[PDB]
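Chemist: no FASTA, just this:
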């Protein structure tokens, strides 16, 4: 059952069609439950040093901010996580027999010296857990090729990738390209992975995000776009993850 | 109605979903009908010089080899072309109220000095029409971006791309990469297009194609694979094109 940090799994479900078991759902579940790295699904992490150092410190902040949401939780009252970008807003949908959780709020913080070390340190560790999961994914990708790879995309790893480039900016070209091109095939990415070795003025001159906001009585809906490495102002939508 | 040589068209069919009007179906129809470049759908072709010189000379060979297939054609007896690779085998499926046509046979020709100029010249012009259509496609791609581009792939331009790299070999890194990665997104390709500027020994040491052949009484089925720029021995399947 145990798999290395960041590693995916290609599932065959005969209708044998590929289904990516990205494992993001797990990462959030463990952090929200505040599990220590010593007793997880997650081996020789020489490629990922300070993984237990940064996993636990992030697990602290994620669980401590979840207990606030859990303070008003019921005994009689799901495990089908969803993720909003760029604030890394964990979306929980509870059943009787819905709340948000922005782990890395990039969009709103005009309080530089006001963000305390009890909040700031935990985020610095949440981006280091995210950065390491993506390094752990690209390592597993490059390491093992497969015939179904050509039928797979970076599409589910977007919120992780956006929050990585986002925090770094408001507080890497490979992370940026990957965040812009969610349509990236697994086989093409493996091929071009080592070839990706190199701040664009215009994109930084206008920032990474556009926030289109509309109203209509009950209506008050925002929509975040991402200024891409190509230029494309791509829409950022909520990504759902299952067991 | 008139469009530049190689240019595609993104169609919106509200269910508005993207549908690529690649225009390959046209190219073959014109060549089989042996139409001259002077009276076609196909502008200032400064980027494609010797286009009428090479279109007509190819149109000659394609029509002259079609008249052989048409010699045994009926008065009472479709326009839904299909393409087999790597021999550039045009597949026609006729109705009463099915034949092949290998325009560029790369797979079988142990007759070097035996291929006459009445055949050889026409093929050299058929690969020059194919090469120019793909140059004409990448020019149109780079020239005009679109929001649906991210939902489009090189997948239908494969037989053209395979025959280009195939003839060149049995008689370009950008054509090769494109032939290997049929899963190439339009937006990613545009982004990396000018970045593609540079013969791998191993791939040439084993050649570009593998030909798996099996038998079973009525059975006698071949299957061509393509040794990719990444290594991948990808299956080459028949591609169908409509009006």
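Modeler: Cool, the structure landed. Numbers count the residues shown, from 1 in each chain, chains lettered A, B, ... in the order given.
Chemist: going forward, measure contacts and count neighbours with C-alpha atoms only.
Modeler: Will do.
Chemist: count of neighbours near residue A:209?
Modeler: Residue A:209 has 20 neighbours, counted by other CA atoms under 10 Å in any protein chain shown.
Chemist: oh sorry, the question was meant for residue A:199
Modeler: Residues near residue A:199, counting by other CA under 10 Å, number 8.
Chemist: And it, how far from chain B?
Modeler: 17 Å (CA to the nearest CA, to the nearest Å).
Chemist: give me the element that residue is part of.
Modeler: Assigned by DSSP states H and E, residue A:199 belongs to no helix or strand.
Chemist: quick one: it and residue A:184, what's the gap?
Modeler: Per CA to CA, to the nearest Å, residue A:199 is found 22 Å from residue A:184.
Chemist: Chain A: helices as residue ranges?
Modeler: Along chain A, the segments classed as helices by DSSP state H run A:24-32, A:51-70, A:117-143, A:158-170, A:173-180, A:186-193, A:201-205.
Chemist: can you redo the ones you listed as TSV with distance to chain B and mean neighbour count?
Modeler: Shown next, in TSV, are the helices of chain A (distance: least, CA to the nearest CA, whole Å; neighbours: other CA atoms under 10 Å in any protein chain shown):
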stretch	distance to chain B	mean neighbour count
helix A:24-32	24	19
helix A:51-70	32	19
helix A:117-143	12	18
helix A:158-170	15	21
helix A:173-180	9	18
helix A:186-193	6	18
helix A:201-205	15	11
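Chemist: For residue A:77, find the nearest of those.
Modeler: When the helices of chain A are compared by CA to CA, helix A:51-70 sits nearest residue A:77, at 11.3 Å.
Chemist: Tell me the gap between the closest one and the middle of its chain.
Modeler: Put simply, helix A:51-70 sits 15 Å off its chain's centre (CA atoms, centre = their mean, to the nearest Å).
Chemist: for stretch A:17-29, same thing?
Modeler: That offset, for stretch A:17-29, works out to 12 Å (CA atoms, centre = their mean).
Chemist: again, but for stretch A:55-73
Modeler: 17 Å.
Chemist: List of residues touching that stretch?
Modeler: Residues from elsewhere that reach stretch A:55-73 (CA atoms under 8 Å, 6 or more residues apart in numbering or on different chains): A:30-37, A:99, A:101, A:103, A:119, A:122-123, A:125-126, A:129.
Chemist: Over to stretch A:108-116?
Modeler: The contact list for stretch A:108-116 (CA under 8 Å, 6+ apart) is empty.
Chemist: Residues in a beta bridge with residue A:227, which ones?
Modeler: residue A:233 (DSSP bridges).
Chemist: got the contact list for the residue most central in space within chain A?
Modeler: Nearest residue to the geometric centre of chain A (CA atoms, centre = their mean): residue A:160, 2.0 Å. Shown in contact with residue A:160 (CA under 8 Å, 6+ apart): A:88, A:130, A:134.
Chemist: show me the contacts for the nearest residue to residue A:127 once chain neighbours are set aside.
Modeler: Excluding the flanking residues, the one nearest residue A:127 by CA to CA, 6 or more residues apart in numbering or on different chains is residue A:164, at 6.0 Å. Going by CA under 8 Å, 6+ apart, residue A:164 touches A:127, A:130, A:131, A:175.
Chemist: right, and the last one touches residue A:163 too?
Modeler: No - applying CA atoms under 8 Å, one finds residue A:175 not in contact with residue A:163, separated by 10.2 Å.
Chemist: now the farthest one out in chain A, which residue is it?
Modeler: residue A:217 (33.0 Å).
Chemist: how close does that residue sit to residue A:98?
Modeler: Note on residue A:217: its distance to residue A:98, by CA to CA, is 22 Å.
Chemist: do residue A:163 as well
Modeler: Per CA to CA, residue A:163 is found 22 Å from residue A:98.
Chemist: same check, this time on residue A:8
Modeler: According to CA to CA, residue A:8 stands 28 Å off from residue A:98.
Chemist: the more surrounded of the two?
Modeler: Higher neighbour count among residue A:8 and residue A:98: residue A:8, with 18 against 8, using other CA under 10 Å.
Chemist: contacting residues around that one?
Modeler: Shown in contact with residue A:8 (CA under 8 Å, 6+ apart): A:20, A:21, A:22, A:23, A:137, A:140.
Chemist: try it again with 10 Å
Modeler: If you count contacts by CA atoms under 10 Å, 6 or more residues apart in numbering or on different chains, residue A:8 has them with A:20, A:21, A:22, A:23, A:24, A:136, A:137, A:138, A:140, A:141.
Chemist: Check residue A:154 too.
Modeler: Contacts of residue A:154 (CA under 10 Å, 6+ apart): A:22, A:161, A:178, A:179, A:181, A:182, A:183, A:184, A:185, A:186, A:189.
Chemist: next one: residue A:199
Modeler: Neighbours of residue A:199 in contact, by CA under 10 Å, 6+ apart: A:172, A:173, A:229.
Chemist: Isn't the last one up against residue A:179?
Modeler: Yes - counting by CA atoms under 10 Å, a contact exists between residue A:229 and residue A:179, whose distance comes to 8.8 Å.
Chemist: ok, and the closest non-adjacent residue to residue A:237?
Modeler: Spatial nearest neighbour of residue A:237, chain neighbours left out: residue A:84 (6.7 Å); criterion: CA to CA, 6+ apart.
Chemist: before we move on, the earlier item: of the contacts of residue A:164, just say which sits nearest to residue B:223.
Modeler: When the contacts of residue A:164 are compared for distance to residue B:223 (CA to CA), residue A:175 wins out at 38.8 Å.
Chemist: ok, residue A:74 - contacts?
Modeler: Contact analysis of residue A:74 by CA under 10 Å, 6+ apart lists A:94, A:96.
Chemist: any idea how far it lies from residue A:113?
Modeler: Taking CA to CA, one finds residue A:74 at 37 Å from residue A:113.
Chemist: Dump the helices of chain A into CSV; add distance to residue B:16 as well.
Modeler: What follows is the helices of chain A, written out as CSV (distance: least, CA to CA, whole Å):
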stretch, distance to residue B:16
helix A:24-32, 32
helix A:51-70, 40
helix A:117-143, 34
helix A:158-170, 25
helix A:173-180, 23
helix A:186-193, 28
helix A:201-205, 30
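Chemist: Among those, which comes closest to residue B:53?
Modeler: Relative to residue B:53, the nearest member of the helices of chain A by CA to CA is helix A:186-193, separated by 36.9 Å.
Chemist: Counting by contacts, list what that closest one packs against.
Modeler: With contacts defined as 3 or more CA pairs under 10 Å, 6 or more residues apart in numbering or on different chains; DSSP states H and E, the packing partners of helix A:186-193 are helix A:117-143.
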